[PDB]
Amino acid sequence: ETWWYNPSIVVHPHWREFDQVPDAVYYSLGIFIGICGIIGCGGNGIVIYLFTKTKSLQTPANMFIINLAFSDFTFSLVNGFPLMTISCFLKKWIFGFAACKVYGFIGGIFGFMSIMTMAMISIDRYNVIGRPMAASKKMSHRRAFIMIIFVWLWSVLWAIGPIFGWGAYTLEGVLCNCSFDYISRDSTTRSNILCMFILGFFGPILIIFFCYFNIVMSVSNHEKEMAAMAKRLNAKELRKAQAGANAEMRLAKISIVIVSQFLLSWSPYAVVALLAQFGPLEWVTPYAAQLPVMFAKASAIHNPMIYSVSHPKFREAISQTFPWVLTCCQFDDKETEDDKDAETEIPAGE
């Protein structure tokens, strides 16, 4: 009688009025997300593997990197193959309501976790680079451990609403994947949406901007300070300190790119959702929602590749364990120099 009917999940009327997209579209969708599964799990596993097992990557702050990779790993796993990919190739979500809820909840829980984790990373950056060299503070296992616990609590908190009625996780677009309900406009649903956007999204963003804008409005605070101590009878040994700042600065840079990646990837979909909840629902067409959600879902497969082309110590480790990966991005000793000087200790004024 209909092409959208699902015996397990009641599809919202809105997605029911559209014609069914072509077969080629479903197949491309499944192939697409399936490849995010491969790259995502593959790439994130490597970072988790390499970071937890390499000695040069054993600093507390790196725990955030691992947590981020775990987040992205699980997102790519659950959101790709087999729940969505298989659903696409059958042009139907054949896994039941319970799976859909788990799917949507897992998508949100780790989506909120990746930015909040980034927030914790932006904080570390502010303590090492954002503050003055005299008060510079490195991350401690204690601190880091507590921070990720906050991350986990926070992430689960703002994504579990729909699990208890304060919102919902159902099918969207072509009905082969799940997410939260941004169509229904009841008090309950709308409050959870507002909470997701404000607490889950805007929240960590503020932390980010407040930390990076704070690192920018301190580049000069540091510019001067570097000199005052430089001519401060600071001998050739000064170079060391300088290398350290370069090394840290590079990582801070990286942090911003992965954050930029996240925003560029999620902001579109976010917007399409808001239109459906506050604007012309007629704009929210099958592709209007689908294509931008795919872009968002792939977000969880980028950091690893970003790291592989800009992270020196990490690039080192790869060359030493899975060198084929660095083919087009060949590694060289010179990439780790700044870390050498920054750590090479001076023997009593040398």
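Residue numbers here begin at 1 and follow the sequence given.
Q: Should the higher mean CA B-factor in the entry be assigned to 214-222 or to 274-282?
A: Going by the record's values, the stretch with the higher mean is 214-222.
Q: Averaging the C-alpha B factors as listed in the entry, name the stretch that ends up higher: 339-347 or 4-12.
A: That would be 339-347.
Q: Looking at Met196, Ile94, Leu171, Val128, which has the biggest Cα B factor in the entry?
A: When the deposited C-alpha B-factors of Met196, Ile94, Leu171, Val128 are compared, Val128 is largest.
Q: Return the residue from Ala245, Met84, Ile106, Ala99 that has the highest Cα B-factor in the entry.
A: It is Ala245.
Q: Would you mind checking where the Cα B-factor of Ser114 ranks among the modelled residues of its chain, as the lowest, middle or highest third?
A: Middle third - that is where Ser114 ends up once the chain's C-alpha B-factors are sorted.
Q: Should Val325 be placed in the lowest, middle or highest third of its chain by the C-alpha B factor in the entry?
A: CA B-factor rank for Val325: highest third.
Q: Mind checking which third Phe201 falls in for C-alpha B-factor across the chain?
A: Top third by C-alpha B-factor.
Q: Relative to the other modelled residues of the same chain, rank the CA B-factor of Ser184 and answer lowest, middle or highest third.
A: It belongs to the middle third of the chain when residues are ordered by C-alpha B-factor.
Q: Could you tell me which third, lowest, middle or highest, the C-alpha B-factor of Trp154 occupies within its chain?
A: Within its chain, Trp154 is a middle-third residue by C-alpha B-factor, going by the deposited values.
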